[PDB]
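Using ideal geometry, Cβ is built from the backbone for each residue, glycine included, and neighbour counts are taken over all protein chains shown. Basis: the model, the stated rules and, where named, an outside source; these are not laboratory values.
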Amino acid sequence: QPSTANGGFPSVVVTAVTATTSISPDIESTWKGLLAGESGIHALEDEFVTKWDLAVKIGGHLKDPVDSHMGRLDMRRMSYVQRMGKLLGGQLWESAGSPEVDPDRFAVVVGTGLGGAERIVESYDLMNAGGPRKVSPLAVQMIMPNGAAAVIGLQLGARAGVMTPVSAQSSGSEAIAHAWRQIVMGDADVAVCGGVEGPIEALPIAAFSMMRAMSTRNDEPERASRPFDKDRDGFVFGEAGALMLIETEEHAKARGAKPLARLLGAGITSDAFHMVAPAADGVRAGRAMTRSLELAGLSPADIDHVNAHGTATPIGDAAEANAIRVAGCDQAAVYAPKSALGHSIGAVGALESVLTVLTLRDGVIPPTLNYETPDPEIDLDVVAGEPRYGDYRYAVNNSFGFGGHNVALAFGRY
Amino acid sequence: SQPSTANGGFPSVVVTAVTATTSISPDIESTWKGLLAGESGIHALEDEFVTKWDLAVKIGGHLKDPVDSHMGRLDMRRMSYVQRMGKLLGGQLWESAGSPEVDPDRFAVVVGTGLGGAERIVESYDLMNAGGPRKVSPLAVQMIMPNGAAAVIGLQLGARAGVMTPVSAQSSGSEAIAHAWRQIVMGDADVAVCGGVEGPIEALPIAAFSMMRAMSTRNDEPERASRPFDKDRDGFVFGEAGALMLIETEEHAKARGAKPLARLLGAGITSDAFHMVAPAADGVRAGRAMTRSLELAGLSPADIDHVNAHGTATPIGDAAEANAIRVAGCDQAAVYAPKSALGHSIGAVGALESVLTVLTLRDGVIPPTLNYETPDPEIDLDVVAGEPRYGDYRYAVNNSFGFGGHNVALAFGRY
Ligand SMILES: CCCCCCCCCCCCCCCC(=O)O[C@H](COC(=O)CCCCCCCC[C@H](C)CCCCCCCC)COP(=O)(O)O
Ligand SMILES: CCCCCCCCCCCCCCCC(=O)O[C@H](COC(=O)CCCCCCCC[C@H](C)CCCCCCCC)COP(=O)(O)O
Ligand SMILES: [K+]
Ligand SMILES: [K+]
Ligand code: NA
């Protein structure tokens, strides 16, 4: 059976990363911030919070709003996720040295949780007020959930496929998994991949709040997101979007690109357990991590580091601890970045994949914020307090989505 | 030499069961008979919303048998429409397959859709605007999320080897079958339910596509309106559908005694990077999606006896696809455009047309393309028309293209 280690798949490397977060618009600054213990989570000051008296009054808006970079035409003729895709795809391409690739070997794979949904409600209101001829001629292309990937594919010139996998909170990781598949199956030599997501707004907060999934520690915003802590009380929104450039090691060498890490293998499984709760036993989630190892050609004993999905729900973190045990990965050093950056839904697995890469590049794991009282059910080596330095070689990034979706990505130091 | 189905580098994958609901029939076998008899599912729309809004489009095909006549009280309150359609088709498919006892850890679901449970977005929005955040359902997130129908089916049927939802607008239903074939041939699953679901004809969808000037407005003769490849075409017509198939390795089928209907041999996915909604005129990357499906199957273009065209009956789309079929070397295939009779079901349609391609191979017959009356010289294809065309069809390609520049081609063969 082919694996990356045995040469049955070609070697695939990560050659550039870009992200915008609640800490910074610059991924390198976000990273320095994380290592210094910074949080992106603050009191929400939006008028919508008081207008509705929302139960949730905390979150991390982007440090640098996407629309501060957008012309007036884009603000009207693109949905928000498309604008985010255009901004991040252009940034990534510049970071990569604007390479001249063969468009016919270049794919784009970008996940998102929903798509241009503000344009659904806009079109509905316009039609209700004015009739069907008031709906924009650009409404379909702004709404369709493949819209952001399609904008990026047209902008950068990708003709080897433009794919949008949707798996709710695992979408951003799933996108990188399918990009890796598209390269190792021989359909592309280079891909832009990752995830984008909309901003914090009143209706998204109402819907998730009514699920009772969210922290309401509004008193102390930076202390609210507590993955694996005994006193955790649910997740916190933190806006983001993230893309990375991956390509065959061959392709990278031929253009002189310096790899940041290796993308070794990807596992996708599902729970068949519940529409929003993850299976308590962690078994299928663990098998996603095992599958990524099998395709990489690694054993769980090789794994140095897990970047946890770690949302800070009581049931979600308990299930993930079980998953990491099922996969034999519970001796590894664990980081839960949502402690600092909060949860960006369809973007978050992509953001956390970029963080995994930077851990491997720099030999360091940031502290998991708010990790103060260990939970006996969890029993994981959670990095906390100070950043932890080490010669990390191999890491798994976990992401799980409502609907029972498990995605694990195996990364290696270059 | 690289793996193909023909050289055994990929395992053999067979289609073992199919289910669809359409404007002609809730029964796929009765849909197929109807198509062969020249039936159309397109009629005048009778909905109050047409006259409320004075819509410029007044034709389309609603399902013959509405999904919600089969839904219980709780289903109507806990699922979006595409999830209800997914639960209904998933149970029908499983029964049609003999309710097999498969290993859940080797069983995947891959179901595409164009949008998701979007009616629950506008419902939630209205509820909150009237009554505040506490009026939003605690089920709103799971009903809205576009992976929702695939997740309902995966939970219903017990699939633990992955549940995926590729979105590529009007190619989503074919792209789902492509990713299901990949999940099997990469070794992640031995059996998969896959296809596509989509919402019903409603005013707001009509309004949005008719503002693109994309739709036929031949209201006085509804069965004559959808005219793919015809000189006098004037845009697409909505026809509701949902469709799923069961695929599995040949070994898995044989061990449980399943009778295959056809083989699924390979899949190509490319993109145009040309325009956000118009397909590239030159058909080059769409042709490459067909060629790639042939490479992975281990076929040559001369092997392809039949192409089931995406054929939406837009002036631009049909011309690009004819070019693409020529680029792929497949323009001596017999061509069927089923949207002529069933209309366009957006995220479902590639899956429905994949089911029809399987049936053409199983039965050795292509239905007539309806309304094909005046050949267009920029098209130059062998379009089946008038009576069905019979033959021992050995291999076929199904095409589907989506706004955003997405091209998907699926190669199938006779079992
Ligand atoms: C990290 C947060 C993640 C949230 C993810 C939630 C899903 C994201 C959906 C995209 C949101 C885009 C919002 C951008 C528009 C914007 O900014 O416009 C505001 C005005 O508000 C609006 O238009 C509200 C728009 C509401 C749109 C419908 C949202 C429906 C949400 C569902 C009921 C709940 C979430 C479903 C998630 C399912 C997928 C993942 C499991 C300023 O406008 P102005 O007056 O200053 O010009
Ligand atoms: C073959 C047609 C394909 C259409 C494809 C459109 C794609 C989206 C389909 C989703 C539609 C689901 C509707 C089912 C619910 C239902 O039936 O609710 C009616 C009442 O109306 C409504 O709630 C209408 C609410 C509409 C929801 C928003 C739709 C937004 C459409 C966009 C502006 C335009 C299309 C975007 C497509 C992008 C993806 C593909 C390129 C029963 O009324 P009652 O029982 O309450 O009396
Ligand atoms: K993670
Ligand atoms: K077709
Ligand atoms: Na006849």
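A few remarks follow.
- Elements of the type helices (runs of 4 or more DSSP H) sitting completely within the stretch B:23-110 and holding at least 1 residues that are within 16 Å of ligand 1 (Cβ to nearest atom): these cover B:73-78, B:81-96.
- For beta carbons closer than 9 Å, sequence separation of 6+ or different chains, a first residue in the stretch A:204-233 that is touching a residue at least 24 places away in the same chain (Cβ under 8 Å) and at positive phi and a second that is surrounded by 24 or more Cβ atoms within 10 Å (Cβ to Cβ) and assigned to a helix (DSSP H, G or I), the qualifying pairs are A:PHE228/A:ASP317; A:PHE228/A:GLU320; A:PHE228/A:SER339.
- Of everything in the stretch B:250-268 that is out of contact with any helix residue (DSSP H, G or I) (no Cβ under 6 Å at 6 or more places or on another chain) and outside any loop (DSSP other than H, G, I, E, B), the residue that is nearest to A:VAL108 (Cα to Cα) is B:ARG263.
- In the stretch A:310-325, of all residues being within 21 Å of A:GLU174 (Cβ to Cβ) and touching a helix residue (DSSP H, G or I) at 6+ places or on another chain (Cβ under 8 Å), the one that is farthest from ligand 1 (Cβ to nearest atom) corresponds to A:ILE324.
- Some residue of the stretch A:209-223 being under 18 Å from B:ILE144 (Cβ atoms), facing another protein chain (nearest Cβ under 10 Å) and assigned to a helix (DSSP H, G or I): yes
- Test: A:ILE315 is surrounded by fewer than 24 Cβ atoms within 10 Å (Cβ to Cβ) and on the phi < 0 side of the Ramachandran plot: yes
- Matching residues, the stretch A:304-324, being in a loop (DSSP other than H, G, I, E, B) and farther than 14 Å from A:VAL396 by Cβ: A:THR311, A:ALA312, A:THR313
- Unique residue being at the interface with chain A (Cβ under 7 Å from one of its Cβ atoms) and either touching an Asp or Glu at 6+ places or on another chain (Cβ under 9 Å) or touching a residue at least 40 places away in the same chain (Cβ under 8 Å) (or both) when the list is B:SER172, B:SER124, B:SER168: B:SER168
- Tabulated pairs, the stretch A:246-257, first under 14 Å from A:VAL192 (Cα atoms) and assigned by CATH to the domain that holds A:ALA191, second buried (at least 16 other Cβ atoms within 10 Å of the Cβ) and aromatic (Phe, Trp, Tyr), C-beta under 7 angstrom, 6+ apart or interchain: A:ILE246/A:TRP180
- When the residues of the stretch A:158-197 are filtered to those that are part of a loop (DSSP other than H, G, I, E, B) and surrounded by fewer than 24 Cβ atoms within 10 Å (Cβ to Cβ), the one that is nearest to ligand 4 (Cβ to nearest atom) is A:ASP187.
- Looking only at residues of the stretch B:27-54 that are crowded, with 20+ Cβ neighbours inside 10 Å and away from chain A (no Cβ under 14 Å), we find that the one that is farthest from ligand 5 (Cβ to nearest atom) is B:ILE28.
- Qualifying residues in the stretch A:320-354 (those that are surrounded by fewer than 24 Cβ atoms within 10 Å (Cβ to Cβ) and under 20 Å from the mean Cα position of the chain (by Cα)) - the one farthest from ligand 4 (Cβ to nearest atom): A:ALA333
- Residues satisfying the stated conditions in the stretch A:24-60, i.e. touching a helix residue (DSSP H, G or I) at 6+ places or on another chain (Cβ under 9 Å) and among the basic types (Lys, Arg): A:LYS51, A:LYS57
- Restricting attention to the stretch A:259-309, the residues that are within 16 Å of ligand 1 (Cβ to nearest atom) and in contact with a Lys or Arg (Cβ under 7 Å, 6 or more places away or on another chain) add up to 2.
- Any hit, the stretch B:149-157, residues being in contact (Cβ under 8 Å) with a residue 12 or more places away in the chain, in a loop (DSSP other than H, G, I, E, B) and buried (at least 24 other Cβ atoms within 10 Å of the Cβ): no
- Residue match in the stretch A:337-353 (condition: touching a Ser or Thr at 6+ places or on another chain (Cβ under 8 Å) and free of Cβ contacts under 8 Å to residues at least 40 places away in the same chain): no
- Residues that are part of a loop (DSSP other than H, G, I, E, B) and surrounded by fewer than 21 Cβ atoms within 10 Å (Cβ to Cβ) were ranked within the stretch A:280-293; the one that is farthest from the other protein chains (Cβ to nearest Cβ) is A:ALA280.
- Among the residues of the stretch B:111-120, those identified as of a type outside the set (A, V, I, L, M) and in a loop (DSSP other than H, G, I, E, B) are B:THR113, B:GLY114, B:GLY116, B:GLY117.
- Criterion violated by A:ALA150 - all others in (1) within 14 Å of chain B (Cβ to nearest Cβ); (2) touching a helix residue (DSSP H, G or I) at 6+ places or on another chain (Cβ under 7 Å); (3) among the small types (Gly, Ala, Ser) satisfied: (2)
- Condition broken by A:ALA188, with the remaining ones in (1) without any contact (Cβ under 8 Å) to a residue 40 or more places away in the chain; (2) at negative phi; (3) not charged (D, E, K, R) satisfied: (1)
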